[PDB]
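Architecture at a glance
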Amino acid sequence: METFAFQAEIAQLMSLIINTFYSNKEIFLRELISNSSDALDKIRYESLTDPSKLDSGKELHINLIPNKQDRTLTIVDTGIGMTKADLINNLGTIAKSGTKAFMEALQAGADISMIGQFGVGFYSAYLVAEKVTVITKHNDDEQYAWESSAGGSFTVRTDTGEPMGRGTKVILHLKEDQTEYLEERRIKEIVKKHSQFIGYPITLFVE
Ligand SMILES: NC(=O)CCC(=O)N[C@@H]1c2ccccc2-c2c(-c3nc4ccncc4[nH]3)cccc21
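Residues numbered from 1 in each chain as written, not as in the entry; some residues may be left out. Heavy atoms only, no water.

Describing the packing of aromatic side chains
Going by this rule: Between rings of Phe, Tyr and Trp, where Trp is taken as its six-membered ring, a pair exists when centres lie within 6.5 Å; planes separated by under 30 degrees are stacked, by over 60 edge-to-face, and by other angles tilted. Only DSSP runs of H or I covering at least 4 residues are called helices, and only runs of E covering at least 2 are called strands; the numbering of each starts at the N terminus. Note on exposure labels: buried denotes an accessible area under 20% of the residue type's maximum, exposed denotes more than 50%, and partly exposed covers the range between, all computed with a 1.4 Å probe on protein chains only.
Counted according to the given criterion, the structure contains 10 aromatic pairs. An angle of 70° between the planes, with centres 6.3 Å apart, marks the rings of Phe6 and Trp146 as edge-to-face. Highlighted residues: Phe6 in the loop between β1 (2-5) and α1 (8-19) and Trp146 in strand β5 (residues 144-148), separated in sequence by 140 residues. On the accessibility criterion, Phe6 (11% relative accessible area) is buried. Linked through ring pairs, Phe4, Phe6, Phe122, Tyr123, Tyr126, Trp146 and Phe154 together constitute an aromatic cluster.

Here is the structure:
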């Protein structure tokens, strides 16, 4: 396991998301499903020129997996995934410019729900999660686990878990008062409200 320090802009945004009083927390799911949809668009587009991009899996889908025993809500996709370079470096650049633009917009009257317009909607996961584990597999790299409970640092390690083939799993270790997001009725309500027209099958798993 390797440990990395977040740059100051991202660190401040993670603190804002964790600490600000904001009741409309459900938007996190729309954001993560929308990120999953974009990653699926990317692998599908690549496959149009190179069909072998799908040798790691032809199915293009989004799975919503709650687990009451573990208190986790996992968003799984068979999208493009992320390489180690994406996880440590490329996404750190996106997170910096995106945070600066979002922090700017917030001072200019914008709402926390507009986070996705700034390329950092992934961070809305901290509205409901005390820890986020991202398991990912990109065609050009190995399976990795990125993780952060904020506090200024994140970890990256080669993942020994079940081989995914290709894609990303966003594991939300829910805060104790956010367990409503493990309830079938609640997840169904949110998906219907914000994600009804996503162009991939979304399966809401049950227990
Ligand atoms: N389903 C998908 O494939 C969506 C992918 C996704 O949401 N990716 C998100 C994402 C989106 C926008 C910005 C950063 C990141 C990020 C990071 C990340 N933040 C960083 C900050 C500083 N340094 C390095 C960093 N790496 C790590 C795992 C997953 C993601």
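Points about the pairing of strand β3 (residues 72-77)
Counted only if it meets this: Any two strands between which DSSP finds at least two bridges are classified as paired.
Of all the 6 residues making up β3, 6 are buried; the element is thus mostly covered by neighbouring parts of the structure. Burial of the side chains of β3 extends over both faces: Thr72, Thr74 and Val76 are buried on one face and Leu73, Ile75 and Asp77 on the other. Across 6 bridges, strand β2 (residues 62-67) lies against β3 in antiparallel orientation. Bridge pairing in β3 links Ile65 to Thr74. The pairing of β3 with strand β7 (residues 167-174) spans 6 bridges and is classified as antiparallel. The residue of β7 that forms the bridge with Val76 is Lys169.

Some words on the sheet that holds β3
The test is simple: Axis angles are defined between N-to-C directions and span 0 to 180 degrees, where every axis is a line fitted to C-alpha atoms and, for a helix, only to the segment in contact. Note on contacts: a residue pair qualifies if any of its non-hydrogen atoms lie within 4.5 Å across the two residues.
Taking strand neighbours across the sheet as the criterion, the 8 strands line up as β1-β6-β5-β4-β7-β3-β2-β8 in an open arrangement whose pairing is mixed. The open sheet has two edge strands, β1 and β8 (202-204), and neither has a second partner. Across the sheet, the mean angle from the axis of one strand to that of its neighbour is 15°, orientation sign disregarded. Sheet topology places strand β4 (residues 129-137) next to β5; 5 bridges connect them, and they run antiparallel. When the bridges of β5 are listed, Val134 appears paired with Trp146. Packing of helix α4 (residues 184-194) onto the sheet brings it into contact with β2, β3 and β8, and relative to β8 it is tilted by some 160°.

Re the side chain of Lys137
Rules: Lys and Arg are tallied as positive, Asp and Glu as negative. Neither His nor the chain termini are counted. By convention in these notes, a salt bridge is any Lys or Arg side-chain nitrogen within 4 Å of a carboxyl oxygen on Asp or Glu. Two N or O atoms form a polar contact when they lie within 3.5 Å of each other; inside protein one atom must be a possible hydrogen donor and the other a possible acceptor, and for residues adjacent in sequence the pair counts only when both atoms belong to side chains.
Mapped onto the elements, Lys137 comes out in strand β4. Although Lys137 is buried, it makes no salt bridge; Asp141 carries the closest opposite charge, 7.3 Å away. Here the side chain of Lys137 touches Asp141 through a polar contact of 2.8 Å, landing on its backbone oxygen.

Some words on helix α3 (residues 84-107)
We apply this condition: Take the residue count of a helix, subtract one, and multiply by 1.5 Å to get its expected span. A residue's bend is simply the angle between two axes: one fitted to the seven residues ending at it, one to the seven starting at it.
Under the 1.5 Å per step criterion, the end-to-end length of α3 is 34 Å for 24 residues, consistent within 8% with the ideal 34 Å. Along α3, the sharpest change in direction is near 40° and occurs at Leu91. Those residues of α3 that sit buried are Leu87, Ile88, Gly92, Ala95, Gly98, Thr99, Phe102, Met103 and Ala105. Against the buried residues of α3 lie β1, α1, β4, β5 and β6 (153-158). Remark: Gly109 follows α3 within two positions and exhibits a positive phi of approximately 80°.

Structural notes on the pattern of salt bridges
Counted by the stated rule, this structure contains 9 salt bridges. The salt bridge partner of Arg186 is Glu26, with a shortest N-O separation of 2.8 Å. Of the two residues, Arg186 is situated in helix α4 and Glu26 in the loop between α1 and α2 (27-49); the sequence distance between them amounts to 160 residues. Residues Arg186 and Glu26 agree in their burial class; the two are buried.

Some remarks on the site of the ligand
Filter applied, for reference: By convention in these notes, a residue is near a molecule or strand provided one of its non-hydrogen atoms lies within 4 Å of it. Two kinds of site are reported from a 1 Å grid over the protein atoms alone, namely cavities, where a 1.4 Å probe fits but cannot get out, and pockets, open sets with protein on both sides within 12 Å along at least five of seven lines, and residues are called lining when an atom falls within 4 Å of a point. For this analysis, a molecule is said to be in a pocket or cavity if more than half of its atoms are within 2 Å of the grid points defining it. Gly is placed with the polar residues, together with every amino acid not listed as nonpolar (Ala, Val, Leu, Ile, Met, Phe, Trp, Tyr, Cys and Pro) or charged (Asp, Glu, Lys and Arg).
Within the structure, the ligand sits among 18 residues, and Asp77, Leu87, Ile88, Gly119 and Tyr123 are positioned closest to it. Taking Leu87, its main chain carries an N or O atom lying 2.5 Å from a nitrogen atom of the ligand. In the model, a nitrogen atom of the ligand is placed 2.7 Å from a nitrogen or oxygen of the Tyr123 side chain. Judged by its atoms lying within 2 Å of the grid points, the ligand is housed in the largest pocket. Mapped onto the shell around the ligand, the elements with two or more residues apiece are α2 and α3. A total of 5 residues in the shell around the ligand trace back to one element, the largest contributor, which is α3. Of the residues in the shell around the ligand, the class split is 12 nonpolar, 5 polar and 1 charged.

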